[PDB]
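# A closer look at the structure
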Amino acid sequence: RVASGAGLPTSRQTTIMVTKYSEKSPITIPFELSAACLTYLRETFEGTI
Amino acid sequence: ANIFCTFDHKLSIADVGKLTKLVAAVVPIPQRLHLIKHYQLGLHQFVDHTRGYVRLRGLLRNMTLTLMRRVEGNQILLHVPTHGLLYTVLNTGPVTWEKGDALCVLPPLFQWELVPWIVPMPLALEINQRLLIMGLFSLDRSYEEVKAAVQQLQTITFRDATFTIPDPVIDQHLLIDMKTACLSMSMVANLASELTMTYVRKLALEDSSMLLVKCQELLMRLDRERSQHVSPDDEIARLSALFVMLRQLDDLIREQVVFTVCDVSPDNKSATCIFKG
């Protein structure tokens, strides 16, 4: 508030609150993986080269 | 002075934001008491089907007027104005004010609510007498030219003001306080029109000036363009009834000047004014 009026006081609290509502949006993706390769990793094979 | 009102109910934060938008407006108060409930706040304690307008204007005379200062989450600071010092009001009325307007206070016509219009004095006076003559017409509305006069009587012309003042008669029935107001006006007119002929004789046996002569001339013009030894007690009843039914018209014949306004904020949403009350 600019106070450039001697005859006009503004007389405001100047701390108005606003309410803004959100909106949700899920983002998904199917994600495939061959489990025969997964057995090669989760079991830590140490056979040969 | 200081007025504290509270709320025993619960106050929503959206309603808090609604309430702080009414930061400095006028609220009527029935008695200047330091603590007060919010059921005494505003005009919601007097709204009904039957009172209408004249009860409200007669009731806002003996009530006092405050201005809201600040709003806390559970109590509102109401500050009673004093004479002489200037204040800041908000225009809650549909009328928009100009500089130098003497502002008047008026009830708004067009499980609890908070509701008053702040109209400048000439517009308030003209809608007062407009509602009065619209109540005078209210018994014979079966005709068409008086209905056209009523339809011309609804709308008032003002700077950004196309108002539809409501019908005072409803279900071919006038409310009883408007009925007494228009009855008081008709009887003061009739009682004047037939007692001045006797009392201009009963006064001009003393020193007579020319005003008495022109008075009797005006009365004989009236009596010829229209168409005495009275009992004392009936005469006393006539004069006393004249003056006492005149006495209940002081609310309608005057205008309580409340605010004298100064420089105005842009968009005419608030105005600095002196409380001359």
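So, how was this worked out
- Residues numbered from 1 in each chain as written, not as in the entry; some residues may be left out.
- Chains lettered and ligands numbered in written order.
- Part of a larger assembly, values for the part shown.
- Heavy atoms only, no water.
- Helix = DSSP H or I, 4+ residues; strand = E, 2+ residues; numbered from the N terminus.
- Polar contact = N/O pair within 3.5 Å; in protein donor to acceptor, adjacent residues only side chain to side chain.
- Salt bridge = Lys/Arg side-chain N within 4 Å of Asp/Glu carboxyl O.
- Buried < 20%, exposed > 50% of the residue type's maximum accessible area, 1.4 Å probe, protein only.
- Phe/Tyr/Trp six-rings, centres within 6.5 Å; stacked < 30°, edge-to-face > 60°.
- Patch = residues over 30% accessible without salt bridge, like charges linked within 9 Å, V, L, I, M, F, W, Y side chains within 5 Å.
- Areas by Shrake-Rupley, 256 points an atom, 1.4 Å probe, with all protein chains shown as cover.

The name that the PDB entry assigns to chain B is Triplex capsid protein 2, with the source organism given as Human betaherpesvirus 5. What the PDB entry is called, per its title line, is "One CVSC-binding penton vertex in HCMV B-capsid".

The PDB entry lists chain A under the name Major capsid protein, from Human betaherpesvirus 5.

## Details of the side chain of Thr198(B)
Examined against the element boundaries, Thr198(B) turns out to sit in helix α5 (residues 176-201). Here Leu195(B) takes part through its backbone oxygen, which lies 2.9 Å from a polar atom of the side chain of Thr198(B).

## Description of the pattern of salt bridges
Residue and element names in this part refer to chain B. Following the criterion strictly, the structure yields six salt bridges over all chains and no others. A salt bridge links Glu-98 to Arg-159; the shortest N-O distance between them is 2.7 Å. Judged by its relative accessible area of 26%, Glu-98 falls in the partly exposed class. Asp-167 is paired through a salt bridge with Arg-141; the nearest N and O atoms lie 3.0 Å apart. Of the two residues, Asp-167 sits in the loop between β10 (161-162) and α5 while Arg-141 sits in the loop between α3 (121-136) and α4 (145-154), which places them 26 residues apart along the sequence. Judged by its relative accessible area of 13%, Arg-141 is buried.

## Observations concerning the packing of aromatic side chains
Residue and element names in this part refer to chain A. Going through the model one piece at a time under the given rule, you end up with two aromatic pairs over all chains. Taking 6.2 Å as the distance between ring centres and 55° as the angle between the ring planes, the aromatic pair formed by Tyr-40 and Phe-45 counts as tilted. By relative accessible area, which is 51% here, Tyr-40 ends up exposed. Residue class for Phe-45 comes out exposed when judged on its relative accessible area of 53%.

## Re a nonpolar patch on the surface
Residues and elements named next belong to chain B. A cluster of nonpolar side chains, contributed by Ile-133, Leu-136, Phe-137 and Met-185, occupies part of the molecular surface with about 300 Å² of accessible area. Relative to the elements of secondary structure, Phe-137 occurs in the loop between α3 and α4. Note on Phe-137: relative accessible area 33%, which makes it partly exposed.

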